[PDB]
């Protein structure tokens, strides 16, 4: 019954640099509140069996209220062999409200370059745009977007 979506843009920088820079917002489009602790988001990309590392640079809700982990896929899919899963410690969204910006950076253990063109969830855009390629979940159940096949 919760209805949420994600707005996204890649942070400024080369798609071939040593950092992925997902910038996200989650919006409540429904007529219920949303408890962010129950919400997770997944950004799907290719890490090529390099260890991944996370930074939260800024979030309107406070970086200390965002959680993360990296999950390697059983086997690679087109556009993805891993996802970053974001979660939340606390917070709510009223109908129509947004988290506002969540600005992240990911790097490889060895600080080597990514080539992000192929990544399922990657897109360059001057503006935040709603995307179905970053998926959202309510207690682990898919409620926004489409997972890689």
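Numbering follows the first chain given and starts at 1.
Comparing 126 to 134 with 21 to 29, the stretch with the higher mean C-alpha B-factor in the PDB entry is 126 to 134.
The PDB entry records a higher mean C-alpha B factor for 46 to 54 than for its counterpart among 46 to 54 and 32 to 40. You'll see in the entry that, of 99, 113, 67, 121, the Cα B factor peaks at 113. Looking at the C-alpha B-factors along this chain, the one for residue 92 belongs to the middle third.
Per the deposited record, the Cα B-factor of residue 149 falls in the highest third when ranked against the other modelled residues of its chain.
Looking at the C-alpha B-factors along this chain, the one for residue 117 belongs to the highest third. Annotation for residue 60: C-alpha temperature factor in the highest third relative to the rest of the modelled chain, per the entry.
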